[PDB]
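Chain and residue survey
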Amino acid sequence: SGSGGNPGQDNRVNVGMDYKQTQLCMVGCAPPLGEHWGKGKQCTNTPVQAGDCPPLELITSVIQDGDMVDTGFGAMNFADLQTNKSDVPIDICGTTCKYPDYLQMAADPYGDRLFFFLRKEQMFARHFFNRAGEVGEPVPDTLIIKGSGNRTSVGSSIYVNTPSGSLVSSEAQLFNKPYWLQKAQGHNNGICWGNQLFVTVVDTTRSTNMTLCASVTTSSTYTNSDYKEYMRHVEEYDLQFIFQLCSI
Amino acid sequence: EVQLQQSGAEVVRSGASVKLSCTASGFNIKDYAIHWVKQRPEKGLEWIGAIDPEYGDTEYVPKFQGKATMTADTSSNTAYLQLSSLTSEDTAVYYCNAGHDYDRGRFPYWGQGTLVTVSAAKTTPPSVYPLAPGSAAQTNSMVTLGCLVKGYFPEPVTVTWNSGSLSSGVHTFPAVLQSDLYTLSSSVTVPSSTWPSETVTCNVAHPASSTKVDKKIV
Amino acid sequence: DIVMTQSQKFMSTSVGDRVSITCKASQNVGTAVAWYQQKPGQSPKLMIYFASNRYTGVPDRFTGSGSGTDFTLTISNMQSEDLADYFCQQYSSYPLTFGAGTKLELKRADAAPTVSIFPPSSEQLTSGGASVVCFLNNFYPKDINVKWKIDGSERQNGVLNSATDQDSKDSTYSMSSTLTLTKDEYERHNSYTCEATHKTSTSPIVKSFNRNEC
Amino acid sequence: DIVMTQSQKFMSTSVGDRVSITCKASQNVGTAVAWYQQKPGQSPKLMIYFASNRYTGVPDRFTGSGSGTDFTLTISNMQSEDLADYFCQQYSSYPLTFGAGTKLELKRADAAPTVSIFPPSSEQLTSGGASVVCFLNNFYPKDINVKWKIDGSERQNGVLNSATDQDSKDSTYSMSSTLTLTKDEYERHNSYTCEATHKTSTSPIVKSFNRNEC
Amino acid sequence: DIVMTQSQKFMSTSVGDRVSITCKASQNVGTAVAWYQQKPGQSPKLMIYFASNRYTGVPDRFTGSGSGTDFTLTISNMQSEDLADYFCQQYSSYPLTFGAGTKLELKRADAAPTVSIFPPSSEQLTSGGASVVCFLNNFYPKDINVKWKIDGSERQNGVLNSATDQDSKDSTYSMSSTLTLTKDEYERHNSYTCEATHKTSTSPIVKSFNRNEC
């Protein structure tokens, strides 16, 4: 429930959260394709600005090493679609979350991008809250009976929920076990054209962020000014392959 | 390109209602919070009420409840403010203000202003009189010319000279009320090589009565 | 009803100086205070809103400050275009209230007036009335006295004075004085004189005309 | 016990005008205030409840307002049917309390009273009693004083007064004053006088009779 | 605006003693109080911050204490290097404020002043001016009064005084008094006298000269 009426200059709060759990791995002789919603080419219909909702366009692109996976807010370009730099956490608010375009990579003729794929996504709604700022598209009059003496101002009706990856377990692991490409979904049955192989991996089950604390001084009592806190994360991989020689 | 046009000045007898209008504030899906402000020459600014198009919500001041009625037309348009039993304390300039999209505090977009005069008598047109120099005891350099506006009602009148041209060296004096009629004065200073070489004419526009044009001759 | 009390109704300063206008609230309103600028014959323009945030438009010259119950508008270095009224507004709770007017005037250097007298026009003398005007333009300071003389005798009745506010461009003042008589009384005297006494000169500036000679 | 204090017991106005009735609470009651209308010889009718919500029935002419401890009923333009009593009620906590009566009246115009004195009838004098009546009809405003004189001496004991409410047809008031004495005491004096003093005249209206002469 | 009020501007003590400086806040500031030390001709150095935590450095000789509105700096046993100014500062809310200066001085008392009067030099008399100086060196305490006499008459106008701070070596004070007159005025009198009255003697120390005799 809550809360009455405190819309003001800045209502931003320091909030932390855990993301949706996602495991996936793909293999192909061509880089994978990801899809995301971005500020679309202007414009469908015409003609005027400003501050209106930007047009949306589903952009298919190549997934590069370092691109962000979806979190709990979709695959979109937060740098363009959220101009306040404050609607999502700092690690995604200035980049783009890309989601794999399984449909397109499976429907391509040769199928050079999907030798195979494995995936496991899971999340639930942790908490709910509303956005501060002006409602660009207000609730129609037919759907709300206006009040109220007091109240009278329709509350912010822009709802978003924090995600949560729930439980991570060893039984849910996709890795540390071999996969044998018995049969490929596409026509390319595991042939590494160009003598190269693209292996895409997303693993959020080992996302633990280590906290480091270095002392600048050591006062007689405990003082927060004596310490600096740092964030550090690590990733350990071991790629093992077994190839078969073929002649043409 | 965000300006608000109102209804226009009106002279009303006591005991009659008047309806003021606004424009370009109040659209479908957008959203605005329209406010109305009263400006009395003695009390400064007074807030009237806040109306929201796309919902038609209404908030008033206990001082003006029963005096001011607010309406909003969702198509076009918006925002109509009407006052019932008009008295001498309602003679003021009313503004239609809209903070961009929402909220109270913000009035960055003001209306042009509408002057309402609640009094008896009737709209008397102005008498314009030229004010030319005397004989040949002046000459160079520079000459002052004037136009005297006497015996008109109500305020205001718009005094221009060379059809909008020449705005420097002009002086518009505030009106003085005597015998229930107003009196305005306006002066302009031009070089002696200008007058009477080229014509100098003053234009007096009175919205509730009539526009006048009078050229100045020796 | 939250009362907005501004310190002074008028405020003196000079070009380039720094001015601070105070606005005192009768209740705690946090930072829900806005400032407006209104020039004569125009509608008010928003300057600051949310205590210390400038609106799109307003130069960095203007700075707002304060919170709770004491709020201040500061104008760091001035221009002639800043001569207008300044209002503070509360929007913490209904009803919305404004502060009293505050006129900002410039202390710019003191010029002597320019005096021009005009006899009644031939057109007005056909209506049975006679108005003699006397313009006092571009003077400073405001303190000035006009004396009407009819055949050398001071005339008190029938004078109408209209003083202009400070000019937004050159910080000067203007004044119009109109002596309105009947045509019968106007034609019974010959000498008409308008005398302006001002601190910029120890002798009055005299402009006169004779009815017979003109 | 939350006390409901209404400003005035009576209120004057005319058709078409705007009336505002105030109701002051001795405690904060939020918006738990209701207004009622009661005409003479009828049961009260609900008008406004929850400070500013009109009940099914009530025209937009009536508007309620206020919160906390100050509440107001406003009648924007009037009709003759609105002349009645108006009560405010608190229902924030038990016990429920009401405000004092408030009569809304029409002013009409200023009449002088019509005074008629009547000695005791011959029939009543057979019962051993004597009543002298004095009718004051069709006066406005309500404020009026009647003085009884017996042989020029003011008589206080034995007077019964009955004031009429505002007439529904001409907005005037009436009053009856009856001095009841025993027949023995009535026959011991000669001069009986009824004097009415009203603001419409600076001298009292005197009606008198003598027992011997009549 | 939280006002920082320190008790005394000056404080006397000797090496080895214990000193306590008090700082009183106009509002509750919890423990957001810092202490600083400033020597003449140098920038201030932080001593204690967060009321009672010593900064990197800083000898255990200095101890801070207090909370809310009363704060204290204590120097348990002193050294010569501790003679300086001490400030307290609040950082609970903006704007940040500091306390008045507090000088810590040594009290090795007490010497009587040494008074030396000097007539104007022959070189200065060539410029048309005449300055008579009077040095009061190595006295304690600070309270001292200088009286100038010209031909026995006290002279008030034209005196310039410059008092020295406590000497870092012997804890004494010095003062210079200069009476500057025109050469014309100097040559019109004969007797010039500088009298110093100090608590170390019940009679003033008098130094004089005659213009004619010197």
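Report follows, based on the coordinates.

Cut-offs applied
The residue numbers you see begin from 1 on each chain and track the sequence as written, which may not match the entry, and residues missing coordinates are not shown. Whichever chain is written first becomes A and whichever ligand is written first becomes 1, with later ones labelled in order. Only a portion of a larger assembly is shown here, and every reported value applies to that portion alone. Hydrogens and waters are ignored; side-chain quantities use all the structure's heavy atoms. The helix count covers DSSP runs of H or I at least four residues long, the strand count covers runs of E at least two residues long, and both are numbered beginning at the N terminus. Radius of gyration here uses only the C-alpha atoms, and the compact-globule reference equals 2.2 Å multiplied by the residue count raised to the power 0.38. For the exposure calls, accessible area comes from a 1.4 Å probe over protein chains only, and a residue counts as buried if that area is under 20% of its type's maximum, exposed if over 50%, partly exposed in between. We call two residues contacting when some pair of their heavy atoms lies within 4.5 Å. Surface accessibility in these figures is a Shrake-Rupley result with a 1.4 Å probe; residues are shielded only by whichever protein chains are displayed. Neither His nor the chain ends contribute to the count of charged residues, in which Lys and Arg are positive and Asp and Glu negative. In plain terms, the charge of a residue is placed at NZ if it is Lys, CZ if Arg, CG if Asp and CD if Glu. Here the buried area means the combined drop in accessible surface, using a 1.4 Å probe, for two parts upon being joined, counting both sides. Any carboxyl oxygen of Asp or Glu within 4 Å of a side-chain nitrogen of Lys or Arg constitutes a salt bridge here. We call two N or O atoms a polar contact when they sit within 3.5 Å, provided that within protein one can donate a hydrogen and the other can accept it, with sequence-adjacent residues counted only if both atoms are side-chain atoms. Only when DSSP finds a minimum of two bridges between them are two strands counted as paired. Lines are fitted to the C-alpha atoms to define the axes, a helix being fitted only along its stretch in contact, and any angle between axes, read from their N-to-C directions, falls within 0 to 180 degrees. Residues are grouped as follows: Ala, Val, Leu, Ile, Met, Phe, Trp, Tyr, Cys and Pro are nonpolar; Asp, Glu, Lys and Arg are charged; all remaining types, including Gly, are polar. Note that a disulfide, as used here, is simply two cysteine sulfur atoms within 2.5 Å. For this analysis, a nonpolar core means a set of buried residues of the types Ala, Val, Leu, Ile, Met, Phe, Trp, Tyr and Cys, connected via side-chain atoms within 4.5 Å.

**Details of the overall build of chain A**
Each helix and strand counted, chain A has two helices and ten strands in total. Listing each helix as α and each strand as β along chain A from the N terminus yields β-β-β-α-β-α-β-β-β-β-β-β. Expected size for 248 residues packed as a compact globule is a radius of gyration near 18 Å; at 24 Å, chain A overshoots this value by more than 25%. For chain A, the spread of C-alpha atoms along the three principal axes comes to 80 × 70 × 35 Å. The buried share among the 248 residues of chain A stands at 27%. For chain A, contacts bridging at least 24 residues in sequence account for 75% of all contacts bridging at least 6. On chain A, roughly 17,800 Å² of surface is accessible, and the fraction owed to carbon and sulfur atoms is 53%. Within chain A, one finds 18 positive and 25 negative side-chain charges whose respective centroids are separated by 2 Å.

**Notes on the overall build of chain C**
Helix and strand counts for chain C stand at one helix and 19 strands. Taking 214 residues into account, the globule formula puts the C-alpha radius of gyration at 17 Å, and chain C, at 23 Å, lies well above it. Each of the three principal axes of chain C carries a C-alpha extent, and together these read 70 × 35 × 25 Å. Among the 214 residues that make up chain C, the fraction classed as buried is 48%. Total accessible area computed for chain C in this model is approximately 9,900 Å², and 43% of it derives from carbon and sulfur atoms.

**Quick notes on the interface of chain B and chain D**
With five residues of chain B at the contact, the number on the chain D side is four residues. Taking both partners together, chain B and chain D bury about 420 Å²; carbon and sulfur atoms supply 41% of that area. For chain B, the biggest contributors to the area lost against chain D are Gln65, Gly66 and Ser85 of chain B; these three give 77% of the whole. In this assembly, chain B and chain D are joined by zero salt bridges. In this assembly, chain B and chain D are joined by two residue pairs in polar contact.

**So, the sheet that holds strand β7 (residues 80-83) of chain B**
All names here are of chain B. Pairing is antiparallel across the open sheet formed by three strands, whose spatial order is β2-β7-β6. Looking along the sheet, the strands with just one partner apiece sit at the ends: β2 (18-20) and β6 (68-71). The mean inter-strand angle of the sheet, taken between neighbouring strand axes irrespective of direction, is 20 degrees. As defined by bridge partners, β2 adjoins β7 across three bridges and the pair is classed as antiparallel. By the bridge assignment, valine 18 is partnered in β7 with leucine 83.

**A closer look at the interface of chain B and chain C**
On the side of chain C, 42 residues touch chain B, which itself brings 40 residues to the contact. Summing the contributions of chain B and of chain C, the shared interface buries around 3,600 Å²; its carbon and sulfur component is 63%. Taken together, the connections running from chain B to chain C amount to zero salt bridges. Breaking the side of chain B that touches chain C down by element, the ones donating at least two residues are β3 (33-40), β4 (44-52), β10 (127-131), β11 (143-152), β13 (170-178) and β14 (181-190) of chain B. Per-element tally for the side of chain B that touches chain C: the top contributor is β13 of chain B, with seven residues. Here the side of chain B that touches chain C is built from residues that sort into 20 nonpolar, 15 polar and five charged.

**Considering the state of the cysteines**
In total, this model carries eight disulfides over all chains according to the counting rule given. Disulfide partner of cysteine 22 of chain B: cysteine 96 of chain B, at an S-S distance of 2.0 Å. The sign of the S-S torsion, about -85 degrees, decides the handedness of the disulfide formed by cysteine 22 of chain B and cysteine 96 of chain B: left-handed. One end of the pair, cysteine 22 of chain B, is in the loop between β2 and β3; the other, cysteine 96 of chain B, is in strand β8 (residues 92-99), with 74 residues separating them in the sequence. With respect to burial, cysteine 22 of chain B and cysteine 96 of chain B carry one shared label: buried. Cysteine 23 of chain D shares a disulfide with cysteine 88 of chain D; S-S distance 2.0 Å. Measuring handedness by torsion sign, the sulfur bridge of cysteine 23 of chain D and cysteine 88 of chain D sits at about 80 degrees and is right-handed. Remark: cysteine 88 of chain D occurs in strand β9 (residues 85-90) and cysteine 23 of chain D occurs in strand β3 (residues 18-25); sequence separation between them is 65 residues. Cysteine 88 of chain D gets classed as buried once you look at its relative accessible area, which sits at 0%. If one numbers only the bonded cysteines of chain C, in the order they occur, the disulfide pattern is 1-2, 3-4. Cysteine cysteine 43 of chain A shares no disulfide, and the gap to the nearest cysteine sulfur, in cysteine 53 of chain A, comes to 9.7 Å.

**What to know about the arrangement of the chains**
Pairwise contact counts over the five pairs of chains in contact peak for chains B and C. Between chain C and chain D there is no contact; the minimum C-alpha to C-alpha separation amounts to 12 Å. There is a clear gap between chain C and chain E: no contact, and 11 Å between their nearest C-alpha atoms.

**Let's talk about the pattern of salt bridges**
Summed over the entire model, instances satisfying the criterion amount to 36 salt bridges over all chains. Note that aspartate 184 of chain C and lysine 183 of chain C form a salt bridge whose closest N and O atoms lie 3.9 Å from each other.

**Here we look at the nonpolar core**
Counting residues in each nonpolar core, the largest one holds 44 residues, and the members touching the most others are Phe107 of chain B together with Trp35 and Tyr86 of chain C. Listing elements by their share of this core, those giving two or more residues are β4 and β8 of chain B together with β3 (18-25), β4 (33-38), β5 (45-49), β8 (70-76), β9 (85-90) and β11 (103-106) of chain C.

**Concerning the sheet that holds strand β14 (residues 144-150) of chain C**
Here we have four strands laid out as an open sheet, ordered β15-β14-β18-β19 (chain C), and antiparallel in their pairing. Looking at strand neighbours, the two that pair on one side only are β15 (153-154) and β19 (205-210) of chain C, the edges of this open sheet.

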